[PDB]
Amino acid sequence: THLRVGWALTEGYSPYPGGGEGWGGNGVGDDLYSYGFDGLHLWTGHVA
Amino acid sequence: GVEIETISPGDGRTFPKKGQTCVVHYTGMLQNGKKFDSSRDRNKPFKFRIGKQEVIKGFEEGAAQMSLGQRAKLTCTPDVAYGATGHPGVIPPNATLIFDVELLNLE
C-alpha cells in the first residue's frame, strides 16, 4: 500500500491514473516537479 | 554483507529460535528495480526452518536478525547469493538482491 505526503507544482505535476513512468503508480514523489516522502524515505524525481 | 533496515517496527524481544520454522512473506526484487518474485502473488506464506541450508544463507541470517511482526528491507551480497552463476533465467550472475520480509508467525 502506498501513501505519500508532500507538495507539488500546479503545472508540472499532472497525475494521470495509468501507466505513468517507471514501474507505474506514480505519486507525488515520483514527479520531479513535486516533492514528497513516504514514511522512512523521501521521494524526488521518481527515485527513493 | 546484510543490512537489515527496518521498513516498520516489530516486537524487538521476539527473535527466531534455532531449529524452528519461520513463516514469512517476502517480495524479492533486483537492485535496478526489476521485481522477480513475490510471495504475496503465490497467496501462500513461504515456510523455511532456520539452521538449514535450504534457503540462501544471507536470507537466513537476515531472518535471524529480524524479529516477529517486523518488516525490513535487507540487501544480500551477490557472493553470498548466487555468486559465480545465478539461478538460470532468474538472477543474472554477479548481481545483488533486495528482499522485503515479514515474520508473521513462528509455529
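Residues numbered from 1 in each chain as written, not as in the entry; some residues may be left out. Chains lettered and ligands numbered in written order. Part of a larger assembly, values for the part shown. Heavy atoms only, no water. Residues with missing side-chain atoms left out of burial classes, pairs and counts.

As documented in the archive entry, the model was determined using cryo-EM at 3.84 Å resolution.

A. Spotlight on the overall build of chain B. Summing up its helical and strand segments, chain B has 2 helices and 6 strands in all. Going from N to C terminus, chain B has its helices and strands arranged as β-β-β-α-β-α-β-β. Its C-alpha atoms give chain B a radius of gyration of 13 Å, near enough to 13 Å, the size a compact globule of 107 residues would have. Its C-alpha atoms give chain B principal-axis dimensions of roughly 35 × 25 × 25 Å. (Helix = DSSP H or I, 4+ residues; strand = E, 2+ residues; numbered from the N terminus. Rg over C-alpha atoms; globule rule 2.2 N^0.38 Å.)

B. Region of the structure containing the sheet that holds strand β1 (residues 5-7) of chain A. Residue and element names in this part refer to chain A. Strands sit in the order β1-β2-β3 across an open sheet of 3 strands; the sheet is antiparallel. Sheet topology places β1 and β3 (41-43) at the edges, where each strand pairs with a single neighbour. Adjacent strand axes in the sheet meet at a mean angle of 20°, parallel and antiparallel pairs treated alike. For strand β2 (residues 35-38) and β3, the ladder comprises 3 bridges, and the chain directions are antiparallel. Bridging from a neighbouring strand, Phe 37 pairs with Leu 42 of β3. (Pairing = 2+ DSSP bridges. Axes fitted to C-alpha atoms, helices over the stretch in contact; angles between N-to-C directions.)

C. The pairing of strand β6 (residues 97-105) of chain B, seen in detail. Residue and element names in this part refer to chain B. Here strand β2 (residues 21-26) runs beside β6; their pairing, made up of 4 bridges, is antiparallel. Note on β6: the bridge partner recorded for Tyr 26 is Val 101. Where strand β3 (residues 29-30) and β6 come together, 2 bridges link them in antiparallel fashion. When the bridges of β6 are listed, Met 29 appears paired with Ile 98.

D. Seen up close, the packing of aromatic side chains. All names here are of chain B. Ring geometry for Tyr 26 against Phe 59: centres 6.1 Å apart, planes inclined by 70°, an arrangement best described as edge-to-face. Of this pair, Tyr 26 sits in strand β2 while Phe 59 is found in helix α2 (residues 57-65), placing the two residues 33 residues apart along the sequence. Three or more aromatic residues link up through ring pairs in this structure, and these residues are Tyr 26, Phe 46, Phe 48, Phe 59 and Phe 99. (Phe/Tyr/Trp six-rings, centres within 6.5 Å; stacked < 30°, edge-to-face > 60°.)

E. The arrangement of the pattern of salt bridges in detail. Residues and elements named next belong to chain B. Close ionic contact of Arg 40 with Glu 102 constitutes a salt bridge, the shortest N to O distance being 3.2 Å. Within this pair, whereas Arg 40 is found in helix α1 (residues 39-42), its partner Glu 102 is found in strand β6, the two being separated by 62 residues in sequence. Between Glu 102 and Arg 71 there is a salt bridge, with its nearest N and O atoms 3.2 Å apart. You can see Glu 102 sitting in strand β6 and its partner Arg 71 sitting in strand β5 (residues 71-76), a full 31 residues away along the chain. Several salt bridges converge on common partners, so that one network encompasses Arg 40, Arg 71, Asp 100 and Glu 102. (Salt bridge = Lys/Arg side-chain N within 4 Å of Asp/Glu carboxyl O.)

F. A look at the environment of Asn 94 of chain B. Residues and elements named next belong to chain B. With respect to the helices and strands, the residue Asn 94 is situated in the loop between β5 and β6. Along the sequence, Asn 94 and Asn 105 sit 11 residues apart, while their C-alpha atoms lie 33 Å from each other. With sequence-adjacent residues up to four places away left out, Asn 94 is seen in contact with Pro 78, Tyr 82 and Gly 83. (Contact = heavy atoms within 4.5 Å.)

G. Quick peek at unusual backbone geometry. Residues and elements named next belong to chain B. Even without being a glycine, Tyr 82 presents a positive backbone phi close to 55°. With respect to the helices and strands, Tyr 82 occurs in the loop between β5 and β6. One non-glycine residue with positive phi stands out, namely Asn 94, at about 35°.

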